[PDB]
$ cat my_file_17.tsv   # TSV, C-alpha atoms
chain	number	residue	atom	x	y	z
A	5	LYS	CA	-0.31	-20.32	-2.20
A	6	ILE	CA	1.57	-17.11	-1.42
A	7	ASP	CA	0.16	-15.12	1.51
A	8	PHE	CA	2.37	-12.16	2.39
A	9	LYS	CA	0.62	-11.33	5.67
A	10	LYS	CA	1.10	-14.87	6.96
A	11	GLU	CA	4.57	-15.48	5.56
A	12	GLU	CA	6.11	-12.14	6.53
A	13	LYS	CA	4.52	-11.19	9.87
A	14	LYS	CA	7.37	-8.80	10.78
A	15	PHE	CA	6.12	-6.45	8.05
A	16	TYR	CA	2.35	-6.90	8.47
A	17	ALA	CA	1.94	-7.50	12.21
A	18	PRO	CA	3.79	-4.87	14.20
A	19	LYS	CA	2.95	-4.31	17.80
A	20	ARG	CA	1.17	-1.21	19.09
A	21	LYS	CA	4.42	0.47	19.92
A	22	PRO	CA	7.15	1.91	17.71
A	23	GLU	CA	9.82	-0.44	16.33
A	24	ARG	CA	12.63	-0.20	13.80
A	25	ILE	CA	12.23	-2.28	10.67
A	26	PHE	CA	14.23	-2.60	7.46
A	27	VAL	CA	11.82	-3.15	4.58
A	28	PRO	CA	13.57	-4.85	1.63
A	29	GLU	CA	12.77	-4.56	-2.06
A	30	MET	CA	9.24	-5.73	-2.88
A	31	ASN	CA	7.25	-5.84	-6.12
A	32	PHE	CA	4.23	-3.55	-6.41
A	33	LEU	CA	1.44	-2.37	-8.63
A	34	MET	CA	1.20	1.41	-8.08
A	35	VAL	CA	-1.03	4.31	-9.14
A	36	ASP	CA	0.07	7.89	-8.46
A	37	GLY	CA	-2.61	10.52	-7.88
A	38	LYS	CA	-3.67	13.73	-6.22
A	39	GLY	CA	-6.47	15.09	-4.10
A	40	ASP	CA	-8.91	14.10	-1.41
A	41	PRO	CA	-9.11	10.31	-1.12
A	42	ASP	CA	-12.85	10.70	-0.71
A	43	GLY	CA	-12.81	11.99	-4.33
A	44	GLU	CA	-13.14	10.35	-7.72
A	45	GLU	CA	-9.48	10.19	-8.63
A	46	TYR	CA	-8.54	8.05	-5.64
A	47	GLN	CA	-11.63	5.86	-6.08
A	48	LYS	CA	-10.59	5.25	-9.70
A	49	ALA	CA	-6.96	4.59	-8.68
A	50	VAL	CA	-7.97	1.87	-6.28
A	51	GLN	CA	-10.48	0.48	-8.80
A	52	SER	CA	-7.78	0.32	-11.49
A	53	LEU	CA	-5.24	-1.33	-9.11
A	54	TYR	CA	-7.70	-4.02	-8.09
A	55	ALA	CA	-8.85	-4.56	-11.67
A	56	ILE	CA	-5.31	-5.56	-12.59
A	57	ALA	CA	-4.48	-7.41	-9.35
A	58	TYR	CA	-7.62	-9.56	-9.67
A	59	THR	CA	-7.04	-10.14	-13.38
A	60	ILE	CA	-3.69	-11.66	-12.43
A	61	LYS	CA	-5.14	-13.58	-9.41
A	62	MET	CA	-8.27	-14.83	-11.20
A	63	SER	CA	-6.25	-15.97	-14.24
A	64	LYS	CA	-6.16	-19.32	-12.41
A	65	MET	CA	-9.77	-20.04	-13.36
A	66	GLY	CA	-8.76	-20.52	-17.00
A	67	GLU	CA	-5.88	-21.90	-19.07
A	68	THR	CA	-3.30	-19.12	-19.27
A	69	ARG	CA	0.41	-18.44	-19.43
A	70	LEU	CA	0.31	-18.01	-15.63
A	71	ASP	CA	-0.74	-21.67	-14.98
A	72	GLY	CA	2.78	-22.62	-13.81
A	73	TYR	CA	3.15	-19.94	-11.19
A	74	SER	CA	1.87	-20.07	-7.60
A	75	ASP	CA	-1.51	-18.80	-6.61
A	76	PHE	CA	-1.56	-15.97	-4.07
A	77	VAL	CA	-3.77	-14.06	-1.62
A	78	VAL	CA	-4.35	-10.45	-2.70
A	79	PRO	CA	-2.51	-8.39	-0.08
A	80	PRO	CA	-3.86	-5.37	1.81
A	81	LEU	CA	-4.07	-2.02	0.06
A	82	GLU	CA	-1.28	0.39	1.00
A	83	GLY	CA	-0.63	4.07	0.33
A	84	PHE	CA	2.15	6.61	0.38
A	85	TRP	CA	1.16	10.18	1.18
A	86	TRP	CA	2.78	13.56	0.75
A	87	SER	CA	2.22	17.08	-0.48
A	88	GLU	CA	4.03	19.85	-2.42
A	89	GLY	CA	3.89	22.16	0.61
A	90	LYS	CA	3.42	21.50	4.32
A	91	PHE	CA	1.02	18.59	4.77
A	92	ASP	CA	-2.39	19.69	6.11
A	93	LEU	CA	-5.06	17.36	7.49
A	94	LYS	CA	-7.54	20.21	6.92
A	95	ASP	CA	-6.47	20.55	3.24
A	96	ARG	CA	-7.13	17.14	1.74
A	97	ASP	CA	-7.35	18.58	-1.79
A	98	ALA	CA	-3.58	19.30	-1.66
A	99	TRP	CA	-2.70	15.66	-0.84
A	100	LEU	CA	-0.48	13.70	-3.21
A	101	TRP	CA	-0.37	9.94	-3.00
A	102	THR	CA	0.54	6.59	-4.44
A	103	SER	CA	-1.86	3.67	-4.00
A	104	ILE	CA	-0.18	0.25	-4.07
A	105	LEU	CA	-0.70	-3.53	-3.92
A	106	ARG	CA	2.23	-5.92	-3.43
A	107	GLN	CA	2.62	-8.60	-6.13
A	108	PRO	CA	4.44	-11.88	-6.33
A	109	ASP	CA	7.96	-11.60	-7.68
A	110	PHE	CA	6.84	-13.51	-10.83
A	111	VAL	CA	4.75	-10.52	-11.94
A	112	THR	CA	6.89	-8.80	-14.57
A	113	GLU	CA	6.25	-5.97	-16.99
A	114	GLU	CA	5.17	-8.61	-19.58
A	115	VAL	CA	2.64	-10.02	-17.12
A	116	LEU	CA	1.33	-6.50	-16.44
A	117	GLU	CA	0.88	-5.83	-20.17
A	118	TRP	CA	-0.98	-9.14	-20.56
A	119	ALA	CA	-3.24	-8.32	-17.60
A	120	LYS	CA	-4.05	-4.88	-19.01
A	121	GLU	CA	-5.11	-6.44	-22.31
A	122	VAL	CA	-7.26	-9.08	-20.55
A	123	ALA	CA	-8.92	-6.46	-18.33
A	124	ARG	CA	-9.63	-4.18	-21.30
A	125	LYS	CA	-11.62	-7.00	-22.90
A	126	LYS	CA	-13.41	-8.01	-19.68
A	127	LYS	CA	-13.96	-4.44	-18.33
A	128	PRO	CA	-13.49	-1.96	-21.21
A	129	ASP	CA	-14.75	0.98	-19.16
A	130	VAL	CA	-12.07	0.60	-16.44
A	131	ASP	CA	-8.98	2.56	-17.44
A	132	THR	CA	-5.69	1.01	-16.27
A	133	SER	CA	-3.25	3.40	-17.95
A	134	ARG	CA	-1.93	4.71	-14.62
A	135	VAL	CA	-1.13	1.25	-13.20
A	136	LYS	CA	2.62	0.67	-13.16
A	137	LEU	CA	4.85	-2.11	-11.87
A	138	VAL	CA	7.67	-0.97	-9.58
A	139	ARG	CA	10.18	-2.90	-7.51
A	140	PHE	CA	10.87	-0.65	-4.51
A	141	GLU	CA	13.01	-0.90	-1.38
A	142	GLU	CA	11.42	1.19	1.33
A	143	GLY	CA	14.48	0.68	3.59
A	144	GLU	CA	15.03	1.73	7.21
A	145	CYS	CA	11.80	2.74	8.89
A	146	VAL	CA	9.90	2.97	12.15
A	147	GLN	CA	6.47	1.32	12.29
A	148	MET	CA	3.59	0.88	14.66
A	149	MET	CA	0.14	-0.66	14.59
A	150	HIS	CA	-2.61	1.92	14.83
A	151	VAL	CA	-5.90	0.50	16.16
A	152	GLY	CA	-8.92	2.82	15.82
A	153	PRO	CA	-10.23	5.72	13.66
A	154	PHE	CA	-7.92	7.59	11.22
A	155	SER	CA	-8.56	10.79	13.24
A	156	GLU	CA	-6.62	9.29	16.20
A	157	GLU	CA	-3.53	8.63	14.02
A	158	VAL	CA	-1.96	11.86	15.33
A	159	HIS	CA	-1.37	10.13	18.68
A	160	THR	CA	0.29	7.09	17.08
A	161	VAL	CA	2.51	9.36	14.96
A	162	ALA	CA	3.44	11.35	18.08
A	163	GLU	CA	4.61	8.11	19.81
A	164	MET	CA	6.66	7.24	16.73
A	165	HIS	CA	8.28	10.70	16.62
A	166	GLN	CA	9.10	10.40	20.35
A	167	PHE	CA	10.69	7.00	19.71
A	168	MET	CA	12.81	8.48	16.90
A	169	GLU	CA	14.01	11.25	19.19
A	170	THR	CA	14.91	8.85	21.98
A	171	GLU	CA	16.68	6.46	19.56
A	172	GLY	CA	18.63	9.18	17.73
A	173	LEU	CA	16.88	8.51	14.44
A	174	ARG	CA	16.38	11.18	11.79
A	175	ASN	CA	12.87	11.52	10.38
A	176	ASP	CA	13.14	11.32	6.58
A	177	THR	CA	9.37	11.68	5.99
A	178	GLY	CA	8.72	13.92	3.01
A	179	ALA	CA	8.20	14.01	-0.73
A	180	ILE	CA	10.87	11.43	-1.49
A	181	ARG	CA	10.67	8.84	1.31
A	182	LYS	CA	6.95	9.08	2.15
A	183	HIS	CA	4.49	8.58	5.03
A	184	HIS	CA	3.19	5.04	4.53
A	185	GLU	CA	-0.05	3.36	5.60
A	186	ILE	CA	-1.01	-0.30	5.17
A	187	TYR	CA	-4.78	-0.80	5.34
A	188	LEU	CA	-5.20	-4.09	7.13
A	189	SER	CA	-8.91	-3.55	7.82
A	190	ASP	CA	-11.76	-3.07	5.31
A	191	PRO	CA	-14.05	-0.27	6.62
A	192	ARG	CA	-16.98	-2.31	5.28
A	193	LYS	CA	-16.03	-5.14	7.61
A	194	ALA	CA	-14.50	-3.53	10.72
A	195	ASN	CA	-16.08	-1.26	13.34
A	196	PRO	CA	-14.25	2.14	13.39
A	197	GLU	CA	-12.89	1.40	16.86
A	198	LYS	CA	-11.38	-1.81	15.55
A	199	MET	CA	-9.71	-0.52	12.35
A	200	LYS	CA	-6.12	-1.79	12.04
A	201	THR	CA	-3.68	0.33	9.98
A	202	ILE	CA	0.10	0.04	9.96
A	203	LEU	CA	1.82	3.44	10.00
A	204	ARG	CA	5.39	3.35	8.78
A	205	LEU	CA	7.79	6.31	8.59
A	206	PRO	CA	11.22	6.43	6.92
A	207	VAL	CA	14.31	7.15	9.02
A	208	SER	CA	18.05	7.53	8.78
$ encode --input "my_file_17.tsv" --output "structure tokens"
Amino acid sequence: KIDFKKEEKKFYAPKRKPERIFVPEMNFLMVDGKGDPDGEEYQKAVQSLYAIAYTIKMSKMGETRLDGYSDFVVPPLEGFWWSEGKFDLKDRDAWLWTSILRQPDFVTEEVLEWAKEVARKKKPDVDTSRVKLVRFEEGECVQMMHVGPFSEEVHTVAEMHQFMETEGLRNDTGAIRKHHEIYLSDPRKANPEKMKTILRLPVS
């Protein structure tokens, strides 16, 4: 059984200080969107992503074309974040994002198409049109574990920026190589003070 968090700790278990990391090509389900993540569009994006991810995962409970492949643990939700103009924490409506879930390498475009058809039958009211499969190499980054509320992220980002300066790294964060968060904690399960989120920023 594939478990990305356990098998690849370098990517999912950084320390609470900035470190360089090269993130190689990985396979993802992705949904692009816009606007405040407290809004409907983001809720639907995440719903759609999970509808497909769990269709693929829960395929194991029946006889399917996926019987021969390994089972897997559904990985943490992740997101890339940007904006057309200068990013503003006080203007969440202007946010642009991509919501993502890593997939096993065996998940191909044919598997995605199959999953969409299965999910349409099982949950006809969940639209999955925006779910795409993308193999993506994030590349050279700096990352750090952020423990605590999202509002305190500014301090973690500041440490990361300071590390970049000291190490002679260029900050590539923008529309192309994007600010990246990996949501290790479920806010239904973890006290705000105990939320774990990986922040990862692209460098050159």
$ residues_around --input "my_file_17.tsv" --residues "residue A:96" --least-positions-apart "3" --cutoff "7 Å" --atoms "only C-alpha atoms" --output "list in words"
residues 39, 40, 92, 93 and 99 of chain A
$ closest_residue --input "my_file_17.tsv" --among "A:170, A:103, A:63, A:68" --to "residue A:46" --atoms "only C-alpha atoms"
A:103
$ residues_around --input "my_file_17.tsv" --residues "residue A:133" --least-positions-apart "6" --cutoff "10 Å" --atoms "all atoms listed in the file" --output "PyMOL selection string"
chain A and resi 35+52+120
$ write_last_selection --input "my_file_17.tsv" --atoms "C-alpha atoms" --output "short mmCIF file (atom, residue, chain, number, x, y, z; two decimals), in the coordinates of the input"
data_model
loop_
_atom_site.label_atom_id
_atom_site.label_comp_id
_atom_site.auth_asym_id
_atom_site.auth_seq_id
_atom_site.Cartn_x
_atom_site.Cartn_y
_atom_site.Cartn_z
CA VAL A 35 -1.03 4.31 -9.14
CA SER A 52 -7.78 0.32 -11.49
CA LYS A 120 -4.05 -4.88 -19.01
#
$ atom_distance --input "my_file_17.tsv" --atom1 "atom CA of residue A:17" --atom2 "atom CA of residue A:57"
22.5 Å
$ closest_residue --input "my_file_17.tsv" --among "A:176, A:82, A:144, A:36" --to "residue A:132" --atoms "only C-alpha atoms"
A:36
$ residues_near_point --input "my_file_17.tsv" --point "(8.7, 5.0, -1.5)" --cutoff "6 Å" --atoms "all atoms listed in the file" --output "tab-separated table (two decimals) with C-alpha atoms, keeping the file's coordinate frame"
chain	number	residue	atom	x	y	z
A	142	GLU	CA	11.42	1.19	1.33
A	181	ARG	CA	10.67	8.84	1.31
A	182	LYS	CA	6.95	9.08	2.15
$ closest_residue --input "my_file_17.tsv" --among "A:22, A:89, A:66, A:206" --to "residue A:175" --atoms "all atoms listed in the file"
A:206
$ atom_distance --input "my_file_17.tsv" --atom1 "atom CA of residue A:6" --atom2 "atom CA of residue A:56"
17.5 Å
$ closest_residue --input "my_file_17.tsv" --among "A:24, A:13, A:64, A:48" --to "residue A:207" --atoms "only C-alpha atoms"
A:24
$ closest_residue --input "my_file_17.tsv" --among "A:147, A:87, A:74, A:31" --to "residue A:15" --atoms "all atoms listed in the file"
A:147
$ residues_around --input "my_file_17.tsv" --residues "stretch 156-165 of chain A" --least-positions-apart "3" --cutoff "12 Å" --atoms "only C-alpha atoms" --output "VMD selection string"
chain A and resid 19 to 24 93 145 to 153 168 to 177 183 to 185 196 to 197 199 to 207
$ residues_near_point --input "my_file_17.tsv" --point "(14.3, -4.5, 7.6)" --cutoff "7 Å" --atoms "only C-alpha atoms" --output "PyMOL selection string"
chain A and resi 25-28+143-144
$ closest_residue --input "my_file_17.tsv" --among "A:155, A:208, A:166, A:102" --to "residue A:135" --atoms "only C-alpha atoms"
A:102
